[PDB]
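Inspection log for the structure reproduced underneath, given as C-alpha cells.
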Amino acid sequence: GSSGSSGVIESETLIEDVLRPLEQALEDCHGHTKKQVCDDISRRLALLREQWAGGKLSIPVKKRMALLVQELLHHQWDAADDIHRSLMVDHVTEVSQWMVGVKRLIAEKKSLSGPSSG
C-alpha cells in the first residue's frame, strides 16, 4: 500500500516571497513580451496576490507555489510546470482565475532563458 496521510499547519513562506519572483518575472516580460500578453499576466498577478493575501488560497496551495517559483528562479521551468501540474491536479480552481497567467509566465520566462516549449 501507501497511505499518504500528510498534514502541516505552521507559519512559513510569505506572499511577498512568492510574489517577489512572480513579479520579478513580469517586469522581465514587460520588457520583452507583448504589452497585451504581459498585461494579461499582470492582471492575473493582482488576483494571485489578492487571493493570496485575501486568504482565499490554501496553506498547501502556497507551500506548493513557492516550489514552482523556487524552480523558476533556478530556471527549472521543467520543475515549475511539474509543481504547477500537481497544483492543477487538486488545487486547479484555486490557482485558476490567475494561474492561467502564471502558466504563460513560465513559458515566457523560459523562452527568455533560451529554449522554448517543453
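Please note that chains go A, B, ... in the order of the C-alpha cells, that every chain numbers its residues from 1, and that ligands are numbered from 1 in the order shown.
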For residue 70 in chain A, list every protein, DNA or RNA residue within 9 Å, evaluated using only C-alpha atoms, and leave out those in the same chain fewer than 5 positions away; present the list as a list in words. residues 18, 21, 65, 75, 76 and 80 of chain A
Prev. selection, C-alpha atoms, output as a PDB file, in the first residue's frame:
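Written out: result.pdb:
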ATOM      1  CA  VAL A  18       6.122  34.119  -3.756  1.00  0.00           C
ATOM      2  CA  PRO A  21       9.762  36.389  -8.012  1.00  0.00           C
ATOM      3  CA  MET A  65       3.542  27.506  -5.302  1.00  0.00           C
ATOM      4  CA  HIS A  75      15.385  28.337 -14.299  1.00  0.00           C
ATOM      5  CA  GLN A  76      13.963  24.909 -13.556  1.00  0.00           C
ATOM      6  CA  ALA A  80       7.873  24.831 -12.379  1.00  0.00           C
TER       7      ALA A  80
END
Fewer than 4 positions away in the same chain doesn't count, so skip those; otherwise give me all residues within 12 Å of residue 27 in chain A, counting only C-alpha atoms, as a PyMOL selection string. chain A and resi 19-23+31-35+38-39+41-42+45+105+108-109
Name the residues of chain A that come out as alpha helix (DSSP H) in a backbone DSSP run; write them as an NGL selection string. :A and (15-30 or 35-54 or 59-74 or 77-89 or 92-95 or 99-113)
Surrounding residues of range 4-16 of chain A excluding itself and chain neighbours under 2 positions, 12 Å, only C-alpha atoms, as a PDB file with N, CA, C and O atoms, in the first residue's frame:
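part-v8.pdb was written with the following content:
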ATOM      1  N   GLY A   1       0.822  -1.197   0.000  1.00  0.00           N
ATOM      2  CA  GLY A   1       0.000   0.000   0.000  1.00  0.00           C
ATOM      3  C   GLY A   1       0.866   1.261   0.000  1.00  0.00           C
ATOM      4  O   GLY A   1       2.020   1.226  -0.425  1.00  0.00           O
ATOM      5  N   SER A   2       0.276   2.346   0.482  1.00  0.00           N
ATOM      6  CA  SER A   2       0.980   3.615   0.543  1.00  0.00           C
ATOM      7  C   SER A   2       0.448   4.452   1.707  1.00  0.00           C
ATOM      8  O   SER A   2       1.205   4.832   2.601  1.00  0.00           O
ATOM      9  N   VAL A  18       6.577  34.845  -2.582  1.00  0.00           N
ATOM     10  CA  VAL A  18       6.122  34.119  -3.756  1.00  0.00           C
ATOM     11  C   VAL A  18       5.789  35.117  -4.868  1.00  0.00           C
ATOM     12  O   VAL A  18       5.715  34.745  -6.039  1.00  0.00           O
ATOM     13  N   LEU A  19       5.596  36.363  -4.464  1.00  0.00           N
ATOM     14  CA  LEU A  19       5.271  37.416  -5.411  1.00  0.00           C
ATOM     15  C   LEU A  19       6.565  38.074  -5.897  1.00  0.00           C
ATOM     16  O   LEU A  19       6.691  38.408  -7.074  1.00  0.00           O
ATOM     17  N   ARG A  20       7.491  38.243  -4.965  1.00  0.00           N
ATOM     18  CA  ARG A  20       8.769  38.856  -5.283  1.00  0.00           C
ATOM     19  C   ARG A  20       9.275  38.356  -6.638  1.00  0.00           C
ATOM     20  O   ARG A  20       9.619  39.155  -7.508  1.00  0.00           O
ATOM     21  N   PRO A  21       9.304  37.005  -6.778  1.00  0.00           N
ATOM     22  CA  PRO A  21       9.762  36.389  -8.012  1.00  0.00           C
ATOM     23  C   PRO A  21       8.706  36.514  -9.112  1.00  0.00           C
ATOM     24  O   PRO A  21       8.972  37.077 -10.172  1.00  0.00           O
ATOM     25  N   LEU A  22       7.529  35.979  -8.820  1.00  0.00           N
ATOM     26  CA  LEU A  22       6.431  36.024  -9.771  1.00  0.00           C
ATOM     27  C   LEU A  22       6.344  37.426 -10.377  1.00  0.00           C
ATOM     28  O   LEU A  22       5.975  37.582 -11.540  1.00  0.00           O
ATOM     29  N   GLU A  23       6.689  38.411  -9.562  1.00  0.00           N
ATOM     30  CA  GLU A  23       6.655  39.795 -10.003  1.00  0.00           C
ATOM     31  C   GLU A  23       7.925  40.136 -10.785  1.00  0.00           C
ATOM     32  O   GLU A  23       7.862  40.789 -11.825  1.00  0.00           O
ATOM     33  N   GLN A  24       9.048  39.675 -10.255  1.00  0.00           N
ATOM     34  CA  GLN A  24      10.332  39.922 -10.891  1.00  0.00           C
ATOM     35  C   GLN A  24      10.313  39.423 -12.337  1.00  0.00           C
ATOM     36  O   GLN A  24      11.038  39.940 -13.185  1.00  0.00           O
ATOM     37  N   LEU A  45      -1.751  38.367 -11.825  1.00  0.00           N
ATOM     38  CA  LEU A  45      -0.941  38.514 -10.629  1.00  0.00           C
ATOM     39  C   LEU A  45      -1.755  39.231  -9.551  1.00  0.00           C
ATOM     40  O   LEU A  45      -1.921  38.715  -8.446  1.00  0.00           O
ATOM     41  N   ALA A  46      -2.242  40.410  -9.909  1.00  0.00           N
ATOM     42  CA  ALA A  46      -3.036  41.203  -8.986  1.00  0.00           C
ATOM     43  C   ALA A  46      -3.991  40.285  -8.222  1.00  0.00           C
ATOM     44  O   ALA A  46      -4.159  40.428  -7.011  1.00  0.00           O
ATOM     45  N   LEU A  48      -3.752  36.851  -7.935  1.00  0.00           N
ATOM     46  CA  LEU A  48      -2.947  35.941  -7.137  1.00  0.00           C
ATOM     47  C   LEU A  48      -2.697  36.562  -5.761  1.00  0.00           C
ATOM     48  O   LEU A  48      -3.008  35.955  -4.737  1.00  0.00           O
ATOM     49  N   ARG A  49      -2.139  37.764  -5.782  1.00  0.00           N
ATOM     50  CA  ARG A  49      -1.845  38.473  -4.549  1.00  0.00           C
ATOM     51  C   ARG A  49      -3.118  38.645  -3.718  1.00  0.00           C
ATOM     52  O   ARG A  49      -3.156  38.268  -2.548  1.00  0.00           O
ATOM     53  N   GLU A  50      -4.130  39.215  -4.356  1.00  0.00           N
ATOM     54  CA  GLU A  50      -5.401  39.442  -3.691  1.00  0.00           C
ATOM     55  C   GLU A  50      -5.909  38.145  -3.060  1.00  0.00           C
ATOM     56  O   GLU A  50      -6.224  38.109  -1.871  1.00  0.00           O
ATOM     57  N   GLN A  51      -5.975  37.110  -3.885  1.00  0.00           N
ATOM     58  CA  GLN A  51      -6.440  35.813  -3.423  1.00  0.00           C
ATOM     59  C   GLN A  51      -5.489  35.256  -2.362  1.00  0.00           C
ATOM     60  O   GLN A  51      -5.926  34.613  -1.409  1.00  0.00           O
ATOM     61  N   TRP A  52      -4.207  35.523  -2.563  1.00  0.00           N
ATOM     62  CA  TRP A  52      -3.191  35.056  -1.635  1.00  0.00           C
ATOM     63  C   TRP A  52      -3.395  35.782  -0.305  1.00  0.00           C
ATOM     64  O   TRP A  52      -3.703  35.156   0.708  1.00  0.00           O
ATOM     65  N   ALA A  53      -3.216  37.094  -0.349  1.00  0.00           N
ATOM     66  CA  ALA A  53      -3.377  37.913   0.839  1.00  0.00           C
ATOM     67  C   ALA A  53      -4.780  37.704   1.411  1.00  0.00           C
ATOM     68  O   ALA A  53      -4.931  37.311   2.567  1.00  0.00           O
ATOM     69  N   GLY A  54      -5.772  37.976   0.576  1.00  0.00           N
ATOM     70  CA  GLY A  54      -7.158  37.823   0.983  1.00  0.00           C
ATOM     71  C   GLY A  54      -7.330  36.605   1.895  1.00  0.00           C
ATOM     72  O   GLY A  54      -8.020  36.677   2.910  1.00  0.00           O
ATOM     73  N   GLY A  55      -6.690  35.515   1.499  1.00  0.00           N
ATOM     74  CA  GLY A  55      -6.763  34.284   2.267  1.00  0.00           C
ATOM     75  C   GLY A  55      -7.670  33.262   1.578  1.00  0.00           C
ATOM     76  O   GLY A  55      -8.152  32.326   2.215  1.00  0.00           O
ATOM     77  N   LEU A  57      -6.591  31.469  -0.723  1.00  0.00           N
ATOM     78  CA  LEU A  57      -5.691  30.388  -1.087  1.00  0.00           C
ATOM     79  C   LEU A  57      -5.451  29.497   0.132  1.00  0.00           C
ATOM     80  O   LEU A  57      -5.508  29.964   1.269  1.00  0.00           O
ATOM     81  N   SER A  58      -5.188  28.228  -0.144  1.00  0.00           N
ATOM     82  CA  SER A  58      -4.939  27.267   0.916  1.00  0.00           C
ATOM     83  C   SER A  58      -3.467  27.315   1.332  1.00  0.00           C
ATOM     84  O   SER A  58      -2.619  27.783   0.574  1.00  0.00           O
ATOM     85  N   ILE A  59      -3.210  26.827   2.536  1.00  0.00           N
ATOM     86  CA  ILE A  59      -1.855  26.809   3.063  1.00  0.00           C
ATOM     87  C   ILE A  59      -0.978  25.928   2.171  1.00  0.00           C
ATOM     88  O   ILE A  59       0.143  26.305   1.831  1.00  0.00           O
ATOM     89  N   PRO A  60      -1.535  24.741   1.809  1.00  0.00           N
ATOM     90  CA  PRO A  60      -0.814  23.805   0.964  1.00  0.00           C
ATOM     91  C   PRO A  60      -0.798  24.280  -0.491  1.00  0.00           C
ATOM     92  O   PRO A  60      -0.153  23.667  -1.341  1.00  0.00           O
ATOM     93  N   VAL A  61      -1.514  25.368  -0.732  1.00  0.00           N
ATOM     94  CA  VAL A  61      -1.590  25.932  -2.069  1.00  0.00           C
ATOM     95  C   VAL A  61      -0.472  26.963  -2.247  1.00  0.00           C
ATOM     96  O   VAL A  61      -0.134  27.329  -3.371  1.00  0.00           O
ATOM     97  N   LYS A  62       0.070  27.401  -1.120  1.00  0.00           N
ATOM     98  CA  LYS A  62       1.141  28.381  -1.137  1.00  0.00           C
ATOM     99  C   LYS A  62       2.489  27.658  -1.095  1.00  0.00           C
ATOM    100  O   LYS A  62       3.370  27.932  -1.911  1.00  0.00           O
ATOM    101  N   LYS A  63       2.609  26.750  -0.138  1.00  0.00           N
ATOM    102  CA  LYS A  63       3.834  25.986   0.019  1.00  0.00           C
ATOM    103  C   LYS A  63       4.165  25.283  -1.300  1.00  0.00           C
ATOM    104  O   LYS A  63       5.334  25.053  -1.608  1.00  0.00           O
ATOM    105  N   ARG A  64       3.116  24.962  -2.042  1.00  0.00           N
ATOM    106  CA  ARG A  64       3.281  24.292  -3.320  1.00  0.00           C
ATOM    107  C   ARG A  64       3.768  25.281  -4.381  1.00  0.00           C
ATOM    108  O   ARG A  64       4.647  24.958  -5.180  1.00  0.00           O
ATOM    109  N   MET A  65       3.178  26.467  -4.353  1.00  0.00           N
ATOM    110  CA  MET A  65       3.542  27.506  -5.302  1.00  0.00           C
ATOM    111  C   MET A  65       5.033  27.833  -5.213  1.00  0.00           C
ATOM    112  O   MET A  65       5.753  27.738  -6.206  1.00  0.00           O
ATOM    113  N   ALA A  66       5.454  28.210  -4.015  1.00  0.00           N
ATOM    114  CA  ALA A  66       6.847  28.550  -3.783  1.00  0.00           C
ATOM    115  C   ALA A  66       7.741  27.580  -4.559  1.00  0.00           C
ATOM    116  O   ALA A  66       8.732  27.990  -5.160  1.00  0.00           O
ATOM    117  N   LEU A  67       7.357  26.312  -4.519  1.00  0.00           N
ATOM    118  CA  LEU A  67       8.112  25.281  -5.211  1.00  0.00           C
ATOM    119  C   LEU A  67       8.337  25.706  -6.663  1.00  0.00           C
ATOM    120  O   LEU A  67       9.471  25.941  -7.076  1.00  0.00           O
ATOM    121  N   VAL A  69       7.959  28.364  -7.999  1.00  0.00           N
ATOM    122  CA  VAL A  69       8.708  29.609  -8.002  1.00  0.00           C
ATOM    123  C   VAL A  69      10.202  29.300  -7.866  1.00  0.00           C
ATOM    124  O   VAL A  69      10.983  29.587  -8.772  1.00  0.00           O
ATOM    125  N   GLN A  70      10.552  28.720  -6.729  1.00  0.00           N
ATOM    126  CA  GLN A  70      11.936  28.369  -6.462  1.00  0.00           C
ATOM    127  C   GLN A  70      12.600  27.827  -7.731  1.00  0.00           C
ATOM    128  O   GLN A  70      13.749  28.154  -8.023  1.00  0.00           O
TER     129      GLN A  70
END
State, in Å with one decimal place, the distance from CA of residue 36 in chain A to CA of residue 77 in chain A. 22.5 Å
